[PDB]
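First the structure, in the form of structure tokens, and then the observations on it.
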Amino acid sequence: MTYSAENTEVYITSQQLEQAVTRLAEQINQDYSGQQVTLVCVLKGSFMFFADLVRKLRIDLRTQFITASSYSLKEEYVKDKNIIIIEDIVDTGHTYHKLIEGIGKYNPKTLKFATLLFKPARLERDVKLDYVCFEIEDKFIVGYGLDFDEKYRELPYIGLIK
Amino acid sequence: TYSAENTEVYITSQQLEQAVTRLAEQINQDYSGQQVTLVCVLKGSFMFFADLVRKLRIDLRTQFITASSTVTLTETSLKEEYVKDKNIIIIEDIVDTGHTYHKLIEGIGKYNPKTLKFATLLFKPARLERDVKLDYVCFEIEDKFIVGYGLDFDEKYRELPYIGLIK
Ligand SMILES: [Zn+2]
Ligand SMILES: [Zn+2]
Ligand SMILES: [Zn+2]
Ligand SMILES: [Zn+2]
């Protein structure tokens with residue numbers, strides 16, 4: 001019974017992930033200077049990214065958690081709030097338009113989508129991603145909270161399966 | 001206003017880092033050459049969990065359960081085949097009364113794991129309703145209202161890198 005990293009190759013390093021999350025936090029801090037934002041974590045895969053991001057935010061903040069299959073967030077938490085959805089990966093954009101439809105129906109003041117990883121191949125249609133840490137090639141990736149069969153979430157880096 | 005303004009630091013992000021390193025080295029050693037399924041108790045334990053798993057070096061499966069305080073457990077992502085005849089460690093943010101503790105042991109244990117341990121970042125032994133066997137504890141704390149590092153009040157304060165007291 002061996003550590004899961006030996007089955008993987010580094011694709012994006014943990015230091016590279018730390019610099020992108022810093023960049024993203026500086027950006028959110030600036031765009032929402034003196035305002036309040038509700039950050040929405042899309043479980044399960046965004047949890048590690050979310051844990052690292054929220055610690056570098058310096059604005060008034062509320063945090064909420066949902067899953068993709070929950071489209072569920074209450075109207076009281078959406079109506080007239082600034083929402084930012086925090087996702088691990090956008091591939092087709094099927095999940096995206098479902099989160100932007102099911103939340104946008106309770107009329108937030110603003111609604112933005114951030115993803116750690118974006119895979120532009122097989123994109124459904126027109127998707128507005130307000131924040132992207134990494135635009136990656138069309139590859140099966142694990143680590144930094146993203147799993148395969150409940151393995152690899154624990155890796156501090158984004159990896160390929162050998 | 002940033003929520004840090006109305007808090008005071010109680011446990012620093014450096015103290016946390018060091019406790020989580022210590023816990024990871026205990027688990028790495030205790031389970032050397034074994035597989036473990038770690039169960040994260042959402043929502044509060046997500047940040048502790050994110051940091052802990054990154055320092056583990058054993059063969060791992062991760063699973064998720066949500067506890068809401070009456071305690072309701074929801075099996076967010078917890079499947080019988082990663083518990084039955086496996087080594088489980090439950091990862092929790094705080095034990096205060098021990099009520100959630102025994103409901104978790106009962107809810108996971110009914111799938112008949114081979115072993116079942118409980119880890120908690122914080123233990124507040126005041127107002128315990130029962131005796132508990134905590135396998136791992138990062139910090140035994142005083143009876144105070146604490147927040148941060150994952151722990152909320154009405155969806156506030158999770159973002160703090162430290163455990164804070166409220167002013
Ligand atoms: Zn996702
Ligand atoms: Zn679709
Ligand atoms: Zn808890
Ligand atoms: Zn009880």
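Residue numbers begin at 1 in each chain, while the letters A, B, ... track the order of the sequences. Computed over heavy atoms, backbone and side chain alike; hydrogens, waters and symmetry mates excluded.
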Please flag which part of [X] lies under 4.5 Å from any non-hydrogen atom of chain A: side chain, backbone, both or neither.
X      : value
B/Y162 : neither
B/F64  : side chain
B/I58  : backbone

With a cut-off of 6.0 Å (strictly less than), are more than 12 heavy atoms of other residues, nucleotides or ligands near [atom1] of [X]?
X      : atom1 : result
A/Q15  : CD    : no
A/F148 : CZ    : no
B/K84  : NZ    : no
A/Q30  : CD    : no
B/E106 : CD    : yes

Are [X] and [Y] in one and the same hydrophobic cluster, where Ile, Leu, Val, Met, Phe, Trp and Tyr link if side-chain heavy atoms are under 4.5 Å apart?
X      : Y      : answer
B/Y111 : B/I108 : yes
B/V53  : B/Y31  : yes
A/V37  : B/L160 : no
A/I85  : A/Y71  : yes

Nearest 0.5 Å please: distance from the [atom1] atom of [X] over to the [atom2] atom of [Y].
X     : Y     : atom1 : atom2 : result
B/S32 : A/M1  : OG    : CE    : 12.5 Å
B/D59 : A/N7  : CG    : CG    : 10.5 Å
A/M48 : B/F49 : CE    : CZ    : 8.0 Å

Contact class of [X] relative to chain B, heavy atoms under 4.5 angstrom:
X      : value
A/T63  : both
A/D147 : neither
A/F49  : neither

Selection from [options] maximising heavy-atom pairs under 4.5 Å formed with chain B:
options                      : result
A/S69, A/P156, A/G145, A/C41 : A/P156
A/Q36, A/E150, A/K151        : A/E150
A/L43, A/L39, A/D149         : A/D149

Answer yes or no: is there a side-chain heavy-atom contact under 4.5 Å between A/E154 and B/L60?
yes
Most chain A-contacting option - heavy-atom pairs closer than 4.5 Å, from B/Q63, B/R158, B/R54:
B/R54
